[PDB]
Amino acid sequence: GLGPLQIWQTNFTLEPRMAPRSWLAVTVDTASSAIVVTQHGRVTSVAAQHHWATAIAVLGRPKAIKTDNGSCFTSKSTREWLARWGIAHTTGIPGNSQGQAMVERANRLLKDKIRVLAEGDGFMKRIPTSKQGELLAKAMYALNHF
């Protein structure tokens, strides 16, 4: 009667400083504006499902997820993973202001944090594989508990 709606926007964005696992899956909760990000070697239905299993453990189960029409989000595999959870799914096309403007904003902020933090530690190009995880967790922490 006063409190907000549980709707996420999700997308994949490429980040070569994080190679070989340079596909970041990013979820913005459109209410809290909280971000969740995970590292993936490839963008697959299962990469998306793994990301959302993580986001759900961090943020709770949402009412719906807004994605674009990427095939990893509209595959039979994902439709069923989402129905198994009872999460409504709405689509659109890349960057669609509707349900993709906030996540594109988040991609930018995130890639920015990654650059600043990495360069701060001396890494001007790729981040050493063993350093990536903490650097990624440090970026999410900064963006969220800002």
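In this text, residue numbers run from 1 along the sequence as written.
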Comparing average C-alpha B factors as deposited, tell me which of 95-103 and 47-55 sits higher.
95-103
Which is higher on mean Cα B factor in this entry, 79-87 or 62-70?
62-70
Taking the entry's C-alpha B-factors for this chain, is residue 18 in the lowest, middle or highest third?
lowest
Which third, lowest, middle or highest, does the CA B-factor of residue 124 fall in along this chain?
highest
On the chain's distribution of Cα B-factors, residue 139 falls within the third called lowest
With respect to C-alpha B-factor, does residue 37 fall in the lowest, middle or highest third of the chain as deposited?
lowest
By the entry's values, the third containing the CA B factor of residue 26 is the lowest
